[PDB]
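Going line by line, the protein sequences match chains A and B. Residue numbering for the first sequence follows the deposited numbering, starting at 6 and increasing by one per position. Residue numbering for the second sequence follows the deposited numbering, starting at 6 and increasing by one per position. Structure first, then comments.
There are 2 protein chains.
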Amino acid sequence: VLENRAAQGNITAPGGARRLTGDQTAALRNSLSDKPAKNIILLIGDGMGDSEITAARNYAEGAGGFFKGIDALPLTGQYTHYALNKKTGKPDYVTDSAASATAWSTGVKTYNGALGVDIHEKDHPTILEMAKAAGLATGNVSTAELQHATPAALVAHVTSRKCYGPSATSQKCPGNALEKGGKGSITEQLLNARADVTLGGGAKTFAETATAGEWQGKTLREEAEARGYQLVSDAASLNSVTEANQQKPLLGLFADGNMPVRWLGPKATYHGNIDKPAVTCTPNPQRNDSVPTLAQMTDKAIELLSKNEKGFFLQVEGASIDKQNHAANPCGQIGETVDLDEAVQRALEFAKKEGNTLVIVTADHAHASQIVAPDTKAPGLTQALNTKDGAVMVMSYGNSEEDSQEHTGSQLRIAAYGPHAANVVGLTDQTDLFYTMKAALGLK
Amino acid sequence: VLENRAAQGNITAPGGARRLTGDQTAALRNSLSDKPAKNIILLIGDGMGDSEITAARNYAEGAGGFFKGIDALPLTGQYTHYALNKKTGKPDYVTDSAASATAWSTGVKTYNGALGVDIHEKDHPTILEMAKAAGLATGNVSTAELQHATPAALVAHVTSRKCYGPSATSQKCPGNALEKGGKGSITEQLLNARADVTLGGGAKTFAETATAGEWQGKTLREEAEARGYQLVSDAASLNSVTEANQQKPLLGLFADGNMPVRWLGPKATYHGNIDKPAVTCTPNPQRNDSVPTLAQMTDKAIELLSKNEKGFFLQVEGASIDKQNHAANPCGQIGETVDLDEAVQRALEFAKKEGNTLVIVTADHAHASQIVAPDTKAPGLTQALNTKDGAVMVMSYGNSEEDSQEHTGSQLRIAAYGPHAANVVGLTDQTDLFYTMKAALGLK
Ligand SMILES: [Zn+2]
Ligand SMILES: [Zn+2]
Ligand SMILES: [Zn+2]
Ligand SMILES: [Zn+2]
Ligand SMILES: [Zn+2]
Ligand SMILES: [Zn+2]
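Shown next as structure tokens:
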């Protein structure tokens with residue numbers, strides 16, 4: 006249906022602000038397919054609700070603008086993502102990164118903090134696992150440290166998202182502690198899952214020594230190398246990769262912790278929309294040209310995984326949308342949503358040429374950021390920005406007196422393109438997503 | 006495809022949180038129609054963003070619940086609603102009730118405070134006016150005072166939403182003051198528009214005397230009578246009406262200002278989620294049993310209007326969702342969202358039976374309210390509630406240090422059922438809505 010949702014002309018004139026060219030009915034009808042998908046790409050913007058897409062479009066593309074990727078997905082709906090209270094099993098209206106990530110990769114709700122386990126601490130398999138078993142190639146890319154909840158919730162079953170490596174699993178997930186007869190720390194289970202392509206950051210946890218098993222004394226990196234993993238650390242090496250399979254999986258660790266953000270801008274402040282000058286985001290001088298971009302990572306991955314005839318399952322995550330949104334930093338937060346949009350375009354481009362791919366773009370939960378009037382005297386942290394329209398936009402963060410703005414529970418946008426995309430429409434639940442992908446791929 | 010979007014069973018168990026029974030593809034495909042709507046019902050929730058639909062579902066139906074009306078609409082998407090700066094013609098990221106209401110009834114963007122006029126102050130015809138011209142019956146119901154921006158924007162073209170009656174038009178819209186050769190105040194233009202069914206509050210402005218014209222010296226109420234209008238002021242009278250047409254138009258004034266809210270509850274407070282006990286909303290003891298409910302007014306309207314063989318156009322508004330959201334009062338807000346759902350149900354029930362009706366449910370813009378974690382130490386106004394899950398939900402309002410919480414610019418939900426509904430899917434603009442309706446009805 007869509008392709009061009011930018012305003013038609015002069016937004017001050019009748020029908021100049023319109024985004025529709027004509028009637029969607031027929032076109033939408035010719036976008037609805039129930040034939041099985043061969044591949045699947047799920048782009049997740051951590052903490053990217055509707056208020057985040059809007060504020061990024063307004064700034065990067067202007068009010069009547071249109072994201073060539075994020076907004077170009079025809080089928081749309083809103084979905085629920087509430088977590089559960091571990092004890093009572095009552096809903097916890099505001100999920101975290103882990104409970105939410107677990108819900109779409111597992112199909113079962115859980116308490117906040119849990120990775121790959123229901124409230125009974127019982128393990129369920131992720132869609133990446135079911136994928137690998139069926140023969141498909143699997144990929145996991147993100148801009149966050151690979152041990153972070155979102156990329157991790159596909160390759161690890163643990164009791165606390167804080168169990169990154171050996172050192173922390175023995176203390177917080179004693180039962181998963183390798184020594185204590187457990188599957189191991191997040192990193193260790195990641196290394197076990199052995200998805201074909203895995204790119205992101207978090208190289209520091211791989212500096213830890215395994216406490217038990219066949220590779221004790223050896224750091225996790227050494228273990229990885231020992232186990233047949235190709236390890237790349239920058240744009241160049243990643244580009245040099247010619248193949249990624251079970252015999253030669255790819256592992257890219259491009260940062261100690263999280264990969265750097267693209268734009269730099271001052272942190273929002275109290276009465277900053279009034280006491281302070283409007284700001285304009287400038288590129289981040291810290292981020293080197295050696296650190297790949299989410300779109301480059303997303304691109305290489307599709308290239309390596311597309312060689313598998315059975316198909317592939319890929320999950321991409323723009324992580325720092327969340328982190329900057331926590332930090333109350335409009336610029337880092339917007340640069341990150343733009344960055345994801347590029348990744349989404351690379352996906353959409355392939356999905357279109359191929360024809361049997363199903364692309365889904367959504368978020369794990371809503372977040373703090375709100376778009377308010379220029380003259381707003383708000384209690385939280387505000388900041389004025391110079392959008393592309395030449396107008397000023399004021400963003401507000403007013404849900405935490407703490408040094409971190411919190412997520413929120415508002416239902417949010419879920420959009421998709423491809424085979425079985427109709428299952429994204431209307432109201433649904435984060436967990437239906439698991440079942441939508443399992444069935445589109447034809448999994449068991 | 007819809008009908009039942011409630012969690013299938015046990016949310017703690019795999020697939021129990023799912024809302025989807027099966028594959029939507031075909032059901033959705035058999036919902037896509039481009040045949041002309043014979044009628045149209047537009048339900049508007051003032052300030053009802055996604056974060057508002059959620060907090061009211063969580064509380065009234067529980068996090069795994071589903072609004073029988075608001076959530077039972079198959080085709081969904083998000084739409085923008087930015088206003089325009091009057092001077093520069095640049096986008097104003099956060100609209101108001103008027104700029105927004107003008108955009109969907111007229112199809113052109115405008116500055117904030119404007120009803121039926123573009124930024125040049127030029128008048129444009131509304132969809133109610135274009136409907137009356139074509140022979141269709143017209144109705145405009147709302148729980149706010151009829152002079153309020155949303156119901157007014159369909160029958161009045163003015164330069165400031167503040168020009169309610171003769172007295173303030175001479176002041177703020179002197180070029181609209183009847184005396185100075187203008188079309189008149191909002192109330193006066195409403196009395197001229199003469200839609201078949203008009204129900205709501207704002208009976209106090211009808212106590213004003215006309216300054217010029219045929220009926221000067223008389224109250225606007227008296228004029229309404231003189232002009233052949235049926236005046237009903239309570240449910241008993243409303244129920245008693247048997248017909249409403251151009252010869253016998255209906256005018257229901259159920260309150261001096263706004264109709265009373267349905268539920269009572271304490272106003273959110275600073276640190277209210279921690280210094281205070283969770284609250285439970287109670288019905289409003291003040292609301293007389295004689296004041297109709299939005300669903301009752303929506304019901305009688307559809308009854309009288311559906312008698313026209315050409316068809317009808319009806320706009321229904323759940324007004325106080327916005328006002329309570331401004332007031333930082335979760336209970337009034339939610340009761341009002343619940344109030345509208347019942348109206349939506351009445352709408353869908355008719356639409357489904359008839360078969361040629363298009364029902365659209367949305368909001369004019371986003372608002373302040375946020376759902377936050379229960380232990381949230383927020384800088385604004387918080388308040389903890391006892392939901393239906395027996396769980397506690399914390400709501401925050403942190404965008405204004407003033408005594409009024411502000412709207413927000415986040416794109417929000419637009420959902421529809423019926424002929425031409427596919428045009429609601431994807432990203433669109435508030436103004437596109439105008440063209441979709443105009444097209445659906447076959448208006449010139
Ligand atoms: Zn998250
Ligand atoms: Zn994340
Ligand atoms: Zn977060
Ligand atoms: Zn409004
Ligand atoms: Zn209103
Ligand atoms: Zn308002």
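Even for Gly, the Cβ is constructed at its ideal location relative to N, Cα and C.
Within chain B, partners of residue i - CB distance below 8 angstroms
{"i": "residue 338 of chain A", "result": "Neighbours of residue 338 of chain A on chain B: none; closest Cβ ~14 angstroms, over 8 angstroms."}
{"i": "residue 428 of chain A", "result": "25, 28, 29, 30"}
{"i": "residue 356 of chain A", "result": "Near residue 356 of chain A there are no residues of chain B at all, since even the closest Cβ is about 16 angstroms away, more than 8 angstroms."}
{"i": "residue 129 of chain A", "result": "19"}
{"i": "residue 7 of chain A", "result": "431, 432"}
Chain A within 8 angstroms of residue i, Cβ atoms only
{"i": "residue 365 of chain B", "result": "no"}
{"i": "residue 16 of chain B", "result": "yes"}
{"i": "residue 294 of chain B", "result": "no"}
{"i": "residue 52 of chain B", "result": "no"}
{"i": "residue 49 of chain B", "result": "no"}
{"i": "residue 166 of chain B", "result": "no"}
{"i": "residue 162 of chain B", "result": "no"}
{"i": "residue 289 of chain B", "result": "no"}
{"i": "residue 341 of chain B", "result": "no"}
{"i": "residue 394 of chain B", "result": "yes"}
{"i": "residue 378 of chain B", "result": "yes"}
Opposing strand residues paired with residue i [DSSP bridges]
{"i": "residue 5 of chain A", "result": "The shown model of chain A, from 6 to 449, leaves out residue 5 of chain A, and the question about it has no answer."}
{"i": "residue 46 of chain B", "result": "B/319, B/364"}
{"i": "residue 150 of chain B", "result": "B/206"}
{"i": "residue 120 of chain A", "result": "A/163"}
{"i": "residue 96 of chain A", "result": "A/89"}
{"i": "residue 14 of chain A", "result": "According to DSSP, residue 14 of chain A bridges with nothing at all."}
{"i": "residue 83 of chain B", "result": "B/418, B/432"}
{"i": "residue 144 of chain B", "result": "B/202, B/319"}
{"i": "residue 284 of chain A", "result": "A/390"}
Chain-ordered chain B contacts of residue i [CB-CB under 7 angstroms]
{"i": "residue 398 of chain A", "result": "98"}
{"i": "residue 309 of chain A", "result": "The contacting residues do not exist; residue 309 of chain A stays about 31 angstroms from chain B at best."}
{"i": "residue 134 of chain A", "result": "By Cβ distance, chain B contributes nothing, its closest Cβ being about 14 angstroms from residue 134 of chain A, past 7 angstroms."}
{"i": "residue 95 of chain A", "result": "394, 395, 396"}
{"i": "residue 437 of chain A", "result": "23, 24, 25"}
Listed by chain order, chain B residues near residue i by CB distance under 9 angstroms
{"i": "residue 446 of chain A", "result": "Those do not exist, as residue 446 of chain A stays about 14 angstroms from chain B at its closest Cβ, beyond 9 angstroms."}
Neighbour list for residue i in chain A, Cβ cutoff strictly below 9 angstroms
{"i": "residue 43 of chain B", "result": "Result: empty, since nearest Cβ-Cβ is about 17 angstroms, beyond 9 angstroms."}
{"i": "residue 385 of chain B", "result": "383, 384, 385, 403, 404"}
Short CB-CB distance (under 8 angstroms) between residue i and chain B
{"i": "residue 114 of chain A", "result": "yes"}
{"i": "residue 201 of chain A", "result": "no"}
{"i": "residue 58 of chain A", "result": "yes"}
{"i": "residue 232 of chain A", "result": "no"}
{"i": "residue 425 of chain A", "result": "yes"}
{"i": "residue 351 of chain A", "result": "no"}
{"i": "residue 388 of chain A", "result": "no"}
{"i": "residue 39 of chain A", "result": "yes"}
Under 8 angstroms by beta carbon: chain A residues contacting residue i
{"i": "residue 124 of chain B", "result": "17"}
{"i": "residue 153 of chain B", "result": "Correct list: empty, because the minimum Cβ distance to chain A is about 20 angstroms."}
{"i": "residue 68 of chain B", "result": "85, 87, 96, 98"}
{"i": "residue 12 of chain B", "result": "434"}
Partner residues on chain A for residue i, Cβ-Cβ distance less than 7 angstroms
{"i": "residue 55 of chain B", "result": "55, 83, 415, 416, 417"}
{"i": "residue 76 of chain B", "result": "432"}
Legend entry - Cβ contact check for the region 130 to 140 of chain B and the region 171 to 182 of chain B: 3 or more pairs under 8 angstroms: Contact between the region 130 to 140 of chain B and the region 171 to 182 of chain B is absent, because fewer than three Cβ pairs lie under 8 angstroms.
Inset, instruction - Give a yes or no on contact between the region 311 to 318 of chain A and the region 405 to 417 of chain A, applying the rule of three or more CB pairs nearer than 8 angstroms. - result: no
Inset, instruction - Please confirm if the region 61 to 78 of chain A is in contact with the region 337 to 354 of chain A, defined as three or more CB-CB distances below 8 angstroms between the two stretches. - result: Yes, the region 61 to 78 of chain A touches the region 337 to 354 of chain A.
Inset, instruction - Flag this pair as touching only if the region 86 to 93 of chain B and the region 28 to 37 of chain A have three or more C-beta atom pairs under 8 angstroms; answer yes or no. - result: no
Legend entry - Residue ranges of each alpha helix (DSSP H) within the region 354 to 426 of chain B, 4 or longer: none
Inset, instruction - Please confirm if the region 436 to 449 of chain A is in contact with the region 376 to 390 of chain A, defined as three or more CB-CB distances below 8 angstroms between the two stretches. - result: Result no; under three Cβ-Cβ pairs closer than 8 angstroms.
Legend entry - Every unbroken alpha helix (DSSP H) within the region 217 to 278 of chain A, with a cutoff of 4 residues, ordered by chain: 225 to 231, 240 to 245
Legend entry - Segment contact flag, the region 53 to 68 of chain A with the region 376 to 384 of chain A, C-beta cutoff 8 angstroms, min 3 pairs: yes
Inset, instruction - Indicate whether the contact test is met: 3 or more Cβ pairs, each with one atom in the region 285 to 293 of chain A and one in the region 114 to 122 of chain A, closer than 8 angstroms. - result: no
Inset, instruction - Mind the definition here: the region 149 to 169 of chain A touches the region 334 to 349 of chain A only if three or more C-beta pairs lie below 8 angstroms; say whether that holds. - result: Judged by Cβ distances under 8 angstroms, the region 149 to 169 of chain A makes no contact with the region 334 to 349 of chain A, as fewer than three pairs qualify.
Inset, instruction - Count the C-beta pairs between the region 203 to 217 of chain B and the region 249 to 260 of chain B that are closer than 8 angstroms, then say yes if the count reaches three, no if not. - result: yes
Legend entry - alpha helix (DSSP H) segments (min. 4 residues) lying fully within the region 291 to 315 of chain A: 299 to 310
Inset, instruction - Take every Cβ of the region 39 to 57 of chain A, pair it with every Cβ of the region 441 to 448 of chain A, and state whether three or more of those distances are shorter than 8 angstroms. - result: As far as the Cβ criterion goes, the region 39 to 57 of chain A touches the region 441 to 448 of chain A, which means the pair count is three or higher.
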